[PDB]
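A.B. asks: Next up is a structure, given as structure tokens.
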Amino acid sequence: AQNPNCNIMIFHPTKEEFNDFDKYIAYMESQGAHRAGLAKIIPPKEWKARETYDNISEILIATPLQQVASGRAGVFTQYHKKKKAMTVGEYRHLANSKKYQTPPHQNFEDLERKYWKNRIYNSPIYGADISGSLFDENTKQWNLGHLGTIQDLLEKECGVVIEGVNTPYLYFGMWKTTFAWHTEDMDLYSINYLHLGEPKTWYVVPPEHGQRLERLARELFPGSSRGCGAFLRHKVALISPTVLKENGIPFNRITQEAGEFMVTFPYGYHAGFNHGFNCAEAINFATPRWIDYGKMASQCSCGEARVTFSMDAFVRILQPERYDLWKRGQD
Ligand SMILES: O=C(O)CNC(=O)C(=O)O
Ligand SMILES: [Mg+2]
Ligand code: NI
Ligand SMILES: [Zn+2]
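Residues 127 to 457 (this note's numbering) are what the sequence shown spells out, left to right.
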């Protein structure tokens, strides 16, 4: 079995290997990459996402979100307070302000220490889930707006034709902006490209150990767990690496820098934080190996998780028994 310790693998495809996206995912899996839940892909030196980022300031962040924490430094939840619209240029100036800017630090490890010590005492503002793309239309390789769609994958594997669409989303971050512990909708893959700016630190639990994380989360968030049998689908709970180690949860960590891709694999729980002003693009995708995870994915039916239109079909076809309860939670 490849990668039996479930380490995060880093790949350096050549320009020729960068042509066929599906093939390369399957290659990474042949080497055991999925066992970690997360892999990094460094593009070939010849590749670029677009020519420059000099002209992005007029993108609108319609609903910036202030991430307000509750709990203790290593075990907390966050809620998202809506703020007034602002442009990417306005958001960048805010991120760089004395109130929000990255503190002085020695290296990524020092910054990570500072994040986990101090995160809860601040409320950073995040631009999330902004439909759109920063890839040039002429970028042919690893262009996250030109991937094969999940609806087409389901039709190819299973024969069923379904409604829905699959487009990318932009994220604008600042110091301490935080992504809570989660798997993807329907335990899909994700891919994330860091277009510009400061790094993103990731934490990940191997898919084969995801239920260990779920059991700790039910212990640490006991009211949330009583409220919903899949409350991590609410994407609000944080647990620090120190707490994970104290509780024997297997995990790994890595820092993504600008110009790098990260792939998350089905049922790979992940969480993390941004180091400073940045812009990322991400989208969910599927492969044939996803189908069995889609069929088994947990679902939130309490009403909290509310998700895209296109997830309807996935539940309807892959999880017909669950469909009525889950759709009630959507309505
Ligand atoms: O940019 C982000 O925070 C969101 N990314 C992830 O949780 C991911 O790509 O799966
Ligand atoms: Mg612009
Ligand atoms: Ni994710
Ligand atoms: Zn729920």
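All C-beta atoms in this analysis are idealised placements derived from N, C-alpha and C, irrespective of residue type, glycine included.
#1: Using CA coordinates, which residue listed in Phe144, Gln157, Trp307 and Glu142 is at the minimum distance from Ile134?
#2: Of all the options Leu364, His160, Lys141 and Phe137, which has the alpha carbon lying nearest to the alpha carbon of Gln128?
#3: I want to know whether the stretch 286-294 touches the stretch 366-377 - three or more CB-CB distances under 8 Å.
#4: Along the chain, which unbroken stretches of the beta strand (DSSP E) at least 3 residues long are found entirely within the stretch 238-312?
#5: Counting C-beta neighbours from all protein chains within 10 Å, is the total for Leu339 16 or more, i.e. buried, or is it exposed?
#6: If contacts are defined as beta-carbon pairs under 8 Å, then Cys426 and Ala356 qualify, I think. What distance do you get, rounded to the angstrom?
#7: Near residue 94, what residues of its chain come up, given a Cβ to Cβ distance below 6 Å and the 5 sequence neighbours on each side ignored?
#8: To the nearest angstrom, how far is the alpha carbon of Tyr329 from that of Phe377?
#9: Please state the DSSP three-state secondary structure of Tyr179.
#10: Can you tell which of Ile409, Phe435 and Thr434 has the C-alpha that lies nearest to the C-alpha of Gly271?
#11: Kindly provide the chain-ordered list of residues whose Cβ lies closer than 6 Å to any non-hydrogen atom of ligand 2.
#12: When every heavy atom of ligand 3 is checked, does at least one fall within less than 6 Å of the C-beta of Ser316?
#13: Tell me, which residues are paired with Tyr153 by DSSP?
#14: Is it right to say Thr140 is buried, meaning 16 or more other beta carbons lie within 10 angstroms of its own, or is it exposed?
#15: Check the Cβ-Cβ distances between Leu270 and every residue of chain D, and say whether any is below 7 Å.
#16: Is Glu430 a contact residue of ligand 4, with contact defined as CB to any heavy atom under 6 Å?
#17: From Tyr205 to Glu142, what distance separates their C-alpha atoms?
#18: Count the other CB atoms within 10 Å of the CB of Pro325; is the residue buried (16 or more) or exposed (fewer)?
#19: Can you give the Cα-Cα distance for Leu314 and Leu273, rounded to whole angstroms?
#20: Output yes or no for whether 7 Å exceeds the beta carbon distance between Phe403 and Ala175.
#21: Beta-carbon separation of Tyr393 and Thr304 under 7 Å?
#22: Consult DSSP for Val433 and reduce its assignment to one of helix, strand or coil.
#23: With distances taken from CA atoms, which of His360, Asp148, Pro414 and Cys405 is nearest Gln267?
#24: Say the cut is 6 Å; is the CB of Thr434 nearer than that to a heavy atom of ligand 1?
#25: Can you check the stretch 345-423 for any beta strand (DSSP E) of at least 3 residues that lies completely inside it and give the ranges in chain order?
#26: Taking DSSP's pairing of strands, which residues face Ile187 in a bridge?
#27: What whole-angstrom Cβ distance do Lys207 and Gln192 have, given they're in contact under 8 Å?
#28: Would you kindly report the start and end of the unbroken beta strand (DSSP E) that includes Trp328?
#29: Compute the minimum distance between the beta carbon of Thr327 and the heavy atoms of ligand 1, and state whether it is under 6 Å.
C.D. replies: The answer reads as follows:
#1: Position 8 of the sequence shown holds residue 134. With distances taken between Cα atoms, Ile134 lies closest to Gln157.
#2: On the sequence shown, position 2 is the one that residue 128 refers to. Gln128 has its Cα closest to that of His160, out of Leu364, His160, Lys141 and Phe137.
#3: no
#4: Listed in chain order, the beta strand (DSSP E) runs fully inside the stretch 238-312 are 251-257, 295-299 and 304-308, counting runs of at least 3 residues.
#5: Indexing the sequence shown from 1 puts residue 339 at position 213. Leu339 should be labelled buried.
#6: For the purposes of this step, residue 426 is taken as the residue at position 300 of the sequence shown. For the purposes of this step, residue 356 is taken as the residue at position 230 of the sequence shown. A Cβ-Cβ distance of about 5 Å is found for the pair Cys426 and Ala356, placing them in contact under the 8 Å criterion.
#7: Because the chain in this structure spans residues 127 to 457, residue 94 falls outside the shown range and cannot be described.
#8: Along the sequence shown, one-based indexing puts residue 329 at 203. Along the sequence shown, one-based indexing puts residue 377 at 251. Answer to the nearest angstrom: the Cα atoms are 7 Å apart.
#9: Along the sequence shown, one-based indexing puts residue 179 at 53. Looking at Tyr179 - three-state DSSP - the assignment turns out to be coil, as it is neither helix nor strand.
#10: Along the sequence shown, read from residue 1 onward, the residue named residue 271 stands at position 145. Of the candidates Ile409, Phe435 and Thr434, the one whose C-alpha sits nearest the C-alpha of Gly271 is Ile409.
#11: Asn181, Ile182, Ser183, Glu184 and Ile185
#12: Against the sequence shown, residue 316 aligns to sequence position 190. Yes, the beta carbon of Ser316 sits closer than 6 Å to at least one heavy atom of ligand 3.
#13: For the purposes of this step, residue 153 is identified with residue 27 of the sequence shown, where counting begins at 1. According to DSSP, which records beta bridges pairwise, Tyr153 is partnered with nothing at all.
#14: Within the sequence shown, numbered from 1, the residue matching residue 140 stands at position 14. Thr140 comes out exposed.
#15: Note that chain D does not occur in the displayed structure, where there is just one protein chain.
#16: Start at 1 with the first residue of the sequence shown, and residue 430 comes out as number 304. Correct: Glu430 has its Cβ closer than 6 Å to ligand 4.
#17: By one-based count along the sequence shown, residue 205 stands at place 79. By one-based count along the sequence shown, residue 142 stands at place 16. Roughly 44 Å separates the two Cα atoms.
#18: Stepping through the sequence shown from its first residue, residue 325 is reached at position 199. Answer is buried; the Cβ neighbour count reaches 16.
#19: Position 188 of the sequence shown, counting from 1, holds the residue named residue 314. Position 147 of the sequence shown, counting from 1, holds the residue named residue 273. So the two alpha carbons sit approximately 14 Å from each other.
#20: In the sequence shown, residue 403 corresponds to position 277, counting from 1. In the sequence shown, residue 175 corresponds to position 49, counting from 1. Not a contact, by the Cβ cut-off of 7 Å.
#21: Along the sequence shown, read from residue 1 onward, the residue named residue 393 stands at position 267. Along the sequence shown, read from residue 1 onward, the residue named residue 304 stands at position 178. Their beta carbons are not under 7 Å apart, which means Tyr393 does not touch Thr304 by this criterion.
#22: For this step, residue 433 is matched to residue 307 along the sequence shown. If DSSP states are grouped into helix, strand and coil, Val433 belongs with coil.
#23: Your numbering for residue 267 matches position 141 in the sequence shown. Comparing Cα positions, the closest option is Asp148.
#24: Stepping through the sequence shown from its first residue, residue 434 is reached at position 308. Every heavy atom of ligand 1 is 6 Å or more from the Cβ of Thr434, so no.
#25: 363-365, 378-382, 387-390, 395-400 and 404-411
#26: What you label residue 187 is simply residue 61 of the sequence shown in a count that begins at 1. In the DSSP output, where bridge partners are listed per residue, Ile187 has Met212.
#27: As a first step, residue 207 must be located in the sequence shown, where it is residue number 81. As a first step, residue 192 must be located in the sequence shown, where it is residue number 66. That belief holds up - the Cβ atoms of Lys207 and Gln192 are roughly 4 Å apart, short of 8 Å.
#28: The sequence position of residue 328 within the sequence shown is 202, counting from 1. Unbroken beta strand (DSSP E) run through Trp328: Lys326 to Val331.
#29: In the sequence shown, the residue the question calls residue 327 occupies position 201. No - ligand 1 has no heavy atom lying nearer than 6 Å to the Cβ of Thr327.
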